[PDB]
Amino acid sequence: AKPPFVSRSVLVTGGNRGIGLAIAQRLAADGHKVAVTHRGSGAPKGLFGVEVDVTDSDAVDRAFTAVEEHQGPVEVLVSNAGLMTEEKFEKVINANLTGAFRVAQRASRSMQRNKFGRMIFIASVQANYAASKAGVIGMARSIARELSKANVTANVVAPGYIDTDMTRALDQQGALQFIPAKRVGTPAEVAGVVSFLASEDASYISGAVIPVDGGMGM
């Protein structure tokens, strides 16, 4: 007894490259209406693009508004990262943690009003990155606590070792000792999880962290 498909207004932050693109293209193939944010380089053919520096609250506000006018209010929000000294630490925190907050907060009133919302946070694949990842999880669990009564869930996807364009650039196999699956994952493997969390099957999952790591984070 599978729930009939509903085509959602979807926003994928950083949806023009790497894992973000895989997610964006999967969700579009699913039958959703998919928009993406980028840093200026352009949204991939097919999809609706807005330029957004997630460090900037006004840019986020204007982005959501252009999306709203284009395809209706954001129902499904996929938040992708984002990006030792004080400057390096605050930069990653601003992009990856506070950037997640900014987009989540801009999304929340519309989702609460409409009694539908899926916030899906993609954790980064080092003190700054560890801190911002754990912070997003803490934040997501907190959004889940407040908003779930309104049918607005917040869940996290925690990717393990995934083959990106930039992953392939490293001297890499020492990582496989720590992975029970004994292999790297694909961008498509992560996008499959986002697709499920975006579907009508995930309505009773809220405040969860799903690891997509071949067993690594056990």
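Each residue number is its position in the shown sequence, starting from 1.
Gap between residue 171 and residue 172: 1 to 3 deposited residues without coordinates. Per the record, residue 125 and residue 126 are separated by 4 to 9 deposited residues that have no coordinates. Of the two segments examined, 152 to 160 and 41 to 49, it is 41 to 49 that shows the higher average Cα temperature factor in the deposited entry. Among all modelled residues in this chain, the alpha-carbon of residue 71 has a temperature factor (C-alpha) in the highest third. Ranked by Cα temperature factor within the chain, residue 19 sits in the highest third according to the deposited record. In the PDB entry, a CA B factor belonging to the lowest third of its chain's modelled residues is recorded for residue 186. Compared with the other modelled residues of the chain, the Cα B-factor recorded for residue 133 ranks in the middle third. Ranked by Cα temperature factor within the chain, residue 118 sits in the middle third according to the deposited record.
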